[PDB]
Amino acid sequence: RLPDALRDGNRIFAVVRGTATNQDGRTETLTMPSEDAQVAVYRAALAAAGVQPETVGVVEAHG
Amino acid sequence: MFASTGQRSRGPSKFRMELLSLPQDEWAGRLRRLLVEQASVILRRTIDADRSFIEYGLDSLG
Ligand SMILES: *[C@H](CCCCCCCCCCCCCC)C(=O)NCCNC(=O)CCNC(=O)[C@H](O)C(C)(C)COP(*)(=O)O
């Protein structure tokens, strides 16, 4: 927890502020991804982190 | 004396030519029957002409 890490003065590399989970549902096949589901989980992560997409400049995709 | 013959001399798709000869409206029915037959063969089970192949289990490999 970031408050406790700051309180104990430990080495901090970076802070994660939001994580989200979503499922594609019934896509075309069992392995087909869903663009809409990906957008939904992006929105959920942005909302949970309390931040705007314009703030983020680097995206590490599954690729 | 020739009796009959059944050799695999199909070669080019006589189906394509016979469909081309037939009026374009017939093309839908013949293609429908061909697809239904082939899909029933590959999926091993008979199928309906309107039910989705997804609900018949047509995977990526299929
Ligand atoms: C994760 C890829 C991990 C695959 C590992 C395979 C392991 C073999 C079995 C493990 C047994 C475990 C033992 C338990 C007792 C991943 O990041 N997925 C790659 C991206 N995933 C996808 O986007 C699916 C990839 N697409 C495709 O390649 C096509 O969907 C396929 C190949 C299904 C064909 O076309 P179809 O979708 O039209």
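Every residue, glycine among them, receives a Cβ derived from its backbone with ideal geometry; neighbour counts consider all protein chains shown. Just so you know, all these numbers are worked out from the coordinates, no wet-lab data involved.
Please determine, in degrees from 0 to 90 and to the nearest 10, the orientation of helix B:24-43 with respect to the longest principal axis defined by the Cα atoms of chain B, where the helix direction is its Cα long axis.
Tilt relative to chain B: about 70 degrees.
On a C-alpha basis, how far is the centre of region B:1-58 from the centre of region A:43-63 in Å? Whole number, if you could?
The two parts, judged by their Cα centres, are 50 Å apart.
Would you mind working out the magnitude of the charge dipole of chain A relative to its Cα centre, with +1 at each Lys and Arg C-beta and -1 at each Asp and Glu C-beta, to the nearest 20 Debye? Write out the running numbers ahead of the final one.
Numbers: 6 positive and 8 negative charges, 73 e Å.
Rounded to the nearest 20 debye, it is 340 debye.
For the Cα atoms of chain A, what angle does the longest principal axis make with the long axis of helix A:35-49, in degrees from 0 to 90, nearest 10?
Approximately 20 degrees, to the nearest ten.
Quick one: P(r) of chain B from all Cα-Cα pairs, 5 Å bins, percents rounded to integers, in order of increasing distance.
4, 14, 19, 15, 16, 16, 10, 3, 2, 1, 0
Would you tally the net charge around A:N22, using a Cβ to Cβ cut-off of less than 15 Å, leaving A:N22 out, and scoring K and R as +1, D and E as -1? It would help to have the intermediate numbers written out before the result.
Details: positive: A:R26, A:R43; negative: A:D24, A:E35, A:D36.
So the environment of A:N22 carries a net charge of -1.
Using Cα pairs under 8 angstrom and six or more residues apart, how large is the relative contact order of chain A, in percent?
On the way: 35 pairs, mean separation 19.7, N = 63.
Once normalised by length, the contact order is 31 percent.
About the Cα centre, and with charges only on the beta carbon of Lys, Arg (+1) and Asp, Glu (-1), how big is the dipole of region B:18-62? Nearest 20 debye, please. Please list the in-between numbers first.
On the way: 6 positive and 8 negative charges, 34 e Å.
Result for region B:18-62 is approximately 160 debye, rounded to the nearest 20.
With each run of n ≥ 4 DSSP H residues scored as -39500 (n - 2.57), what mean residue ellipticity at 222 nm is computed for the protein assembly as shown after dividing by its residue count and rounding to the nearest 500 deg cm²/dmol? Mind dumping the intermediate values first?
Details: 4 runs with 50 residues, N = 125.
Using -39500 (n - 2.57) per qualifying helix, the result is -12500 deg cm²/dmol.
Given labels modelled 7 Å from the Cα in the Cβ direction, how far is it in nm from B:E18 to A:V56?
Here the modelled spin labels are 5.8 nm apart.
Can you tell me the equivalent ellipsoid semi-axes for the protein assembly as shown? Use √(5λ) from the Cα gyration tensor, largest first, whole Å. Mind dumping the intermediate values first?
Numbers: eigenvalues 729, 51, 39 Å².
Semi-axis lengths for the protein assembly as shown are 60, 16, 14 Å.
Give the residue from B:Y56, A:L6, A:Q38 lying farthest towards the positive end of the charge dipole for the protein assembly as shown; charges sit on Cβ (+1 for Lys and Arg, -1 for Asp and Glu) and the dipole is referred to the Cα centre.
The residue sitting most towards the positive pole is B:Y56.
For region B:30-48, list residues with backbone N below 15 Å from a point placed 7 Å from the Cα of B:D59 toward its Cβ?
B:42-44
Could you work out, residue by residue across B:42-51, how many beta carbons of other chains sit within 10 Å of that residue's beta carbon, and then give the average as an integer?
Working: counts 0, 0, 0, 0, 0, 0, 0, 0, 0, 0.
Whole-number average of other-chain Cβ neighbours for B:42-51 is 0.
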